[PDB]
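**Q** Using the numbering used here, the first residue of the sequence shown is number 56, and each one after it goes up by one. What follows is a single structure, and I will ask about it in a moment.
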Amino acid sequence: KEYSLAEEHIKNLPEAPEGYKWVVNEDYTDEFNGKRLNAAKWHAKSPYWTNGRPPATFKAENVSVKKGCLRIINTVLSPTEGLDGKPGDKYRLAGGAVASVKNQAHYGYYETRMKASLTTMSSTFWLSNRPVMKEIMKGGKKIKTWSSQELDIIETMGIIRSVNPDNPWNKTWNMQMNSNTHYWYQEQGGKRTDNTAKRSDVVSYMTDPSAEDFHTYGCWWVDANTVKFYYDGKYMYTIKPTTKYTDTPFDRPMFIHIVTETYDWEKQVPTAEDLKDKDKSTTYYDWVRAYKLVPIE
Ligand SMILES: [Ca+2]
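Next up, the structure:
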């Protein structure tokens with residue numbers, strides 16, 4: 056009965072193209088309705104992003120499954136830490152970073168029912184992959200280059216504090232469908248460039264306060280050029296990821312990341328008191344559900 060709720064949820068997906076049908080992808084699907092995180096399917100501590108963005112990192116102990124939800128709680132980290140669990144002054148907050156074990160999630164549909172923590176740390180649901188090396192020539196010099204991709208289905212935080220009055224871009228960030236795509240590109244000796252694309256065919260960015268209730272945040276990753284975002288089952292907008300470096304920028308599969316983090320643009324990170332209420336300091340995921348398109352007959 057581990058996949059029944061997800062099968063039933065096909066009702067709510069966008070209509071499959073003619074000739075095709077939505078099919079549960081078991082590998083990235085979880086109702087979290089058991090007594091623990093399924094260690095066959097998930098890494099409680101992501102092996103991919105090992106040290107968080109200071110001053111928060113990620114601990115396995117901050118990830119649990121209880122009463123129908125994946126719970127990623129934000130806590131004071133004590134003692135303070137440097138890199139890789141060592142003592143140091145880099146980290147004083149602990150969040151969670153969950154990664155699917157398998158990393159072959161490609162074209163298809165991905166969605167979570169999430170309630171954000173009432174906290175200035177992120178509640179997120181996204182996919183990513185690792186960098187792949189490609190050799191290039193300039194004249195007559197070989198240059199190593201690397202690329203990877205990253206698909207952000209939702210980023211929010213429950214509380215907004217650092218609002219520049221002159222540029223209040225993040226004023227309503229807890230009420231906007233913040234989704235995104237990144238084609239990461241780097242040449243050896245050069246800087247890592249974050250290559251982004253504008254939203255197209257827009258219906259809405261408008262969303263409900265992320266910490267007040269559970270909402271549905273979903274992506275139809277249609278093909279290598281096209282990703283479409285859904286809030287509470289309604290189409291929001293499209294992003295065509297940038298073709299700067301390749302005609303087919305999203306032609307590589309990904310793993311799922313489920314992450315609780317701290318951002319440099321919100322320096323009023325949770326204090327001890329901010330995090331004293333455990334319910335409030337927790338991001339809740341009722342489920343994660345993934346689908347594949349398959350020909351009907
Ligand atoms: Ca559940």
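Yeah, the Cβ is synthetic: ideal placement off N, Cα and C, and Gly gets one too.
What runs of the beta strand (DSSP E), each 3 residues or longer, lie entirely inside the region 227-296?
**A** 235-242, 248-250, 270-278, 281-286, 289-294
**Q** Buried or exposed: where does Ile-351 fall if 16 or more other Cβ atoms within 10 Å of its Cβ makes it buried?
**A** Under this definition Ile-351 is an exposed residue.
**Q** Say yes only if the C-beta of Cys-274 is nearer than 7 Å to one or more non-hydrogen atoms of ligand 1, and no if none qualify.
**A** no
**Q** Excluding the 5 residues preceding and the 5 following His-237 in the sequence, name in chain order all residues of the same chain whose CB lies nearer than 7 Å to its CB.
**A** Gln-204, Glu-205, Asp-249, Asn-250, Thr-251, listed in sequence order.
**Q** Assign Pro-304 to buried or exposed, taking buried as 16 or more other Cβ atoms, counted over all protein chains shown, within 10 Å of its Cβ.
**A** buried
**Q** Taking only three categories from DSSP, how would you classify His-64?
**A** helix
**Q** Buried or exposed: which applies to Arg-126, given that a residue is buried once 16 or more other Cβ atoms fall within 10 Å of its Cβ?
**A** With 16 or more other Cβ atoms from the protein chains shown falling within 10 Å of its own Cβ, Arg-126 counts as buried.
**Q** Where does the unbroken beta strand (DSSP E) through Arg-307 begin, and where does it stop?
**A** Per DSSP, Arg-307 belongs to no beta strand (DSSP E) and is neither H nor E.
**Q** Is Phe-87 near ligand 1, with its Cβ less than 7 Å from a heavy atom?
**A** yes
**Q** Exposed or buried, which one is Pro-296 when buried takes at least 16 other CB atoms within 10 Å?
**A** buried
**Q** Within the continuous beta strand (DSSP E) that includes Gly-150, where are the two ends?
**A** It spans 146-150 - the beta strand (DSSP E) in which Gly-150 sits, taken as one unbroken run.
**Q** May I have the straight-line CA-CA distance separating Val-118 from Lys-226, to the nearest angstrom?
**A** 29 Å
**Q** Do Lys-100 and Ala-149 have their CB atoms nearer than 8 Å?
**A** no
**Q** Kindly confirm or deny that the region 305-316 and the region 177-196 touch, where touching means at least three C-beta pairs closer than 8 Å.
**A** yes
**Q** What are the start and end residues of each continuous beta strand (DSSP E) run of 3 or more residues lying completely inside the region 88-126, in chain order?
**A** 111-113, 118-121
**Q** With distance defined between alpha-carbon atoms, name the residue in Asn-222, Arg-254, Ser-172 nearest to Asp-334.
**A** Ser-172
**Q** Determine whether the beta carbon atoms of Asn-129 and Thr-167 lie at a separation below 8 Å.
**A** no
**Q** Quick one: measure Cβ to Cβ for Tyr-272 and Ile-214, integer angstroms, because I've assumed they're closer than 8 Å.
**A** Not a contact, Cβ separation roughly 19 Å.
**Q** By DSSP, does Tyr-83 sit in helix, in strand, or in coil?
**A** helix
**Q** Could you give the DSSP three-state label for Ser-59: helix, strand or coil?
**A** helix
**Q** When the Cα atoms are used, what is the spatial distance from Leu-60 to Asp-85?
**A** 10 Å
**Q** Are the beta-carbon atoms of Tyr-103 and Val-343 separated by less than 8 Å?
**A** Cβ atoms of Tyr-103 and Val-343: not closer than 8 Å.
**Q** With distances taken from CA atoms, which of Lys-122, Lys-66, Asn-80 is nearest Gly-89?
**A** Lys-122
**Q** My assumption, with CB atoms under 8 Å, is that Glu-62 sits in contact with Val-79. Please give the rounded CB distance.
**A** 6 Å
**Q** Would DSSP call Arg-344 helix, strand or coil?
**A** strand
**Q** Decide yes or no for the touch test of the region 152-164 against the region 266-282: beta carbon pairs closer than 8 Å, at least 3 of them.
**A** yes
**Q** Rounded to whole angstroms, how far is the Cβ of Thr-338 from the Cβ of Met-169, which I believe are closer than 8 Å?
**A** 7 Å
**Q** Starting from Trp-201 and walking both ways along the beta strand (DSSP E), at which residues does that stretch end?
**A** 197-211
**Q** Hey, out of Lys-322, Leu-348, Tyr-346, whose CA is closest to residue 7's CA?
**A** Residue 7 lies beyond the range of the chain shown here (56 to 352); nothing can be said about it.
**Q** Measure how close the beta-carbons of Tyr-290 and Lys-283 come, nearest whole angstrom, since I'm counting them as under 8 Å.
**A** 7 Å
**Q** Where does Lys-335 sit, in a helix, a strand or coil, going by DSSP?
**A** In this structure, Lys-335 counts as coil in the three-state DSSP scheme.
**Q** For the beta strand (DSSP E) that contains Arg-168, what are its first and last residues?
**A** Unbroken beta strand (DSSP E) run through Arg-168: 163-170.
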